[PDB]
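Below you will find one chain, with nothing else, as structure tokens; this is the form deposited without the partner chain, and questions on how it binds or moves follow later.
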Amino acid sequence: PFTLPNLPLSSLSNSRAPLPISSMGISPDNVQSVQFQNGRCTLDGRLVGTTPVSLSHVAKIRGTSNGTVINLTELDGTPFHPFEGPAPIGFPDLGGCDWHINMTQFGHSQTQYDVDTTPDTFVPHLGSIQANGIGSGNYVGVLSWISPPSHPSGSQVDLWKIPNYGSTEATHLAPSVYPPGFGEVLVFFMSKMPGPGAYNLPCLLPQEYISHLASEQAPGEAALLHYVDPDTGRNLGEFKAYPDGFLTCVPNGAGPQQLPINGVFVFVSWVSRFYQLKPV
């Protein structure tokens, strides 16, 4: 039998950064498809993009600073190659914003690394990103906070985007995710991101959902889910999860925002991809 963790959403974590999930949400009218590289996993249990199993690998980086450039390796310290992916596994996939990551070392006693993922120098795909002043040495890095992109000019934080990993061109990204249509809309898991703003980071799946699927590699056109309140046990709303690894629901007019987060998604059964959902 197929299963989704029997755990409240409020006790789970975002998949594009190590942040507790504060709510569920929907994308703006100018957001059709999404192409997040992290937090990507099929129900089959297959991981895609730079998505890792453990949240300990999310939005992190490993590499040796050259003084002018940083040559990337996997979190492991093992070589990373272009043919492998848009960038090393776990690498930050947040677009539309500058990055500020905490750099630490194994054997030395932290340094802030300000990242503008926009210049020619930002080429994670070829395992190289500018060392914006980071001294020579090896490092471990975690996204600590973000800020507005420093170049589209006057531009604001846009966490629906994915950073420009290349250009070299074919960075081998994970396919885009599109709403199935029919009034159905993609559901996102929101987490509050530190920074000089009210940034809300969206992700298709909580991190522990990804580790549950990769483990419980269960062999369904679409999964009919019930958002259930643990205590009362009442069904708070119908939802659907698709093979490719995302959830959808039909907002009851101008949806999931109006729902509490201390609930749980329970699998009911396998239904037709064209199964008309009851408005949420």
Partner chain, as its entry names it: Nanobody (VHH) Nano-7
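Numbering follows the first chain given and starts at 1.
Residues with no coordinates between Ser167 and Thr168, taken from the deposited sequence as a class: Missing residues, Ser167 to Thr168: 1 to 3.
Chain break class for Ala254 to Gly255, judged by how many deposited residues have no coordinates: Going from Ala254 to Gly255, the model skips 1 to 3 residues of the deposited sequence.
Selected stretch [higher average CA B-factor]: 15-23 or 256-264: Result: 256-264.
Comparing 169-177 with 140-148, the one whose average Cα B-factor in the PDB entry is higher: According to the entry, 169-177 carries the higher average C-alpha B-factor.
Member of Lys192, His81, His100, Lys161 with the greatest C-alpha B factor (per the PDB record): When the deposited C-alpha B-factors of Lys192, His81, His100, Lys161 are compared, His81 is largest.
Top Cα B factor in the deposited entry, candidates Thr121, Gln207, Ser155, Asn71: The listed residue with the largest C-alpha B-factor is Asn71.
Chain-relative CA temperature factor third for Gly245: For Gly245, whose C-alpha B-factor we compare with every modelled residue in the chain, the answer is the middle third.
Lowest, middle or highest third - CA B-factor, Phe188: Middle third of the chain for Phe188's C-alpha B-factor.
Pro92 CA temperature factor, ranked by third within the chain: As the PDB entry reports it, the C-alpha B-factor of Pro92 lands in the middle third of its chain.
CA B-factor placement of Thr104, once the chain's modelled residues are sorted into thirds: Its C-alpha B-factor belongs to the middle third of this chain's values.
Third assignment of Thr117 from its chain's C-alpha B-factors: According to the entry, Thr117 has a C-alpha B-factor in the chain's middle third.
There is another form of this protein, the form deposited with the partner chain bound, and it is not shown here; the text below is about that form.
The partner chain contact at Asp229 in the entry with it bound, heavy atom, 4.5 Å: Looking in the entry with it bound, residue contacts with the partner chain include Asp229, since a heavy atom lies within 4.5 Å.
is_contact(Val185, the partner chain) in the entry with it bound, heavy atom dist at most 4.5 Å: No, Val185 sits far enough from the partner chain in the entry with it bound that none of its heavy atoms falls within 4.5 Å.
4.5 Å heavy atom contact, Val69 to the partner chain in the entry with it bound: Although the partner chain is absent here, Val69 would stay clear of it in the entry with it bound, with no heavy atoms inside 4.5 Å.
Close approach of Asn6 to the partner chain in the entry with it bound, 4.5 Å, heavy atom: Contact check for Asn6: yes, within 4.5 Å of the partner chain in the entry with it bound.
In the entry with it bound, the residue from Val53, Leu224, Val250, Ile26 that sits within 4.5 Å of the partner chain by heavy atoms: Looking at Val53, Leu224, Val250, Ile26 one by one, just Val53 meets the 4.5 Å heavy-atom criterion.
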